[PDB]
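J.: model this:
(chains A and B, ligands or ions: 6)
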Amino acid sequence: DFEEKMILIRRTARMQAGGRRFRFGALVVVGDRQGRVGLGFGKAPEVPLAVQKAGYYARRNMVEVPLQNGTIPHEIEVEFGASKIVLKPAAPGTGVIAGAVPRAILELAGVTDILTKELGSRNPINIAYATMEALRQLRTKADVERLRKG
RNA sequence: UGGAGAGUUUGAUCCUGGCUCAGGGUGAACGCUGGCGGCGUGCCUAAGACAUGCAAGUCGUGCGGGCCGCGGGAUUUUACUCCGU
Ligand SMILES: [Mg+2]
Ligand SMILES: [Mg+2]
Ligand SMILES: [Mg+2]
Ligand SMILES: [Mg+2]
Ligand SMILES: [Mg+2]
Ligand SMILES: [Mg+2]
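T.: Numbering: from 1, shown residues only, chains lettered A, B, ... in the order given. Ligands and ions are numbered 1, 2, ... in the order given. The coordinates are given below.
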């Protein structure tokens, strides 16, 4: 069992002959706070089945978060559409200084000291997606070494 | 040792994009309120106009006087004159 926080719920709507037709979208993170997180986007006729559905997709979509005591190996910037995130390593004592969206994601990978900036489009969905791509993109001294040995 | 963002264009969406808020600051002023103290601080406007008092003197160990005193002398005649203070 991982942890699970709901970042976002929204109600969307389509049109049909006489009246609009509502739907709900749910952004949910799940994490063991020990270097494993997942993002999930779940949509349904009702909030619950949606949230719940998110949960399910979150766990099916997971990342190696190579913590190095509270923080991440190095800096990364990732663009996702018009959304951009910068992630920066911090010495212990700082905290997760981030916006609600990536805070949630960082916290549940058990990151505790990180400096972030949201740049470009601040649309939650894409910020969240960038954050994940960013983490998914972190290497460590080891991995680099492996890559370059040959 | 250092970096958080949110609201608002649509029936809904993504994006551009402006407006707006959350923080910090001030020689402040204004409203309601107002107990004590220490340390700071107080014409940002007319370099407009200014009553009155005070804000730059001191040296008699550089010099000679004037005015008000006091005291000594010369003459034994009282006026005149010398010295000290
Ligand atoms: Mg771009
Ligand atoms: Mg923008
Ligand atoms: Mg409006
Ligand atoms: Mg329009
Ligand atoms: Mg509307
Ligand atoms: Mg905007």
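
J.: does any part of the helix of greatest length in chain A sit near RNA strand B?
T.: Ranked by number of residues, the top helix in chain A under DSSP state H is helix A:47-60. No - contact of helix A:47-60 with RNA strand B is not found when judged by C-beta under 7 Å from any atom of the strand; the minimum separation is 14.0 Å. Placement of C-beta: from N, CA and C, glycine included.

J.: does the residue of chain A most remote from its centre belong to a helix or a strand, and which?
T.: Here the centre of chain A is the reference, and by C-alpha atoms, centre = their mean the most remote residue is residue A:18, at 38.4 Å. For residue A:18, there is no enclosing helix or strand under DSSP states H and E.

J.: Tell me how many other residues surround residue A:9.
T.: If you count neighbours by other C-beta atoms under 10 Å, residue A:9 ends up with 15.

J.: got the contact list for it?
T.: Residues near residue A:9 by C-beta atoms under 8 Å, 6 or more residues apart in numbering: A:24-27, A:47, A:50-51.

J.: Surely residue A:121 is in contact with residue A:82?
T.: Yes - because the distance of 3.7 Å satisfies C-beta atoms under 8 Å, residue A:121 is recorded as touching residue A:82.

J.: Compare the two (neighbour count), which wins?
T.: It is residue A:121, of residue A:121 and residue A:82, that has more neighbours when counted by other C-beta under 10 Å, with 16 against 11.
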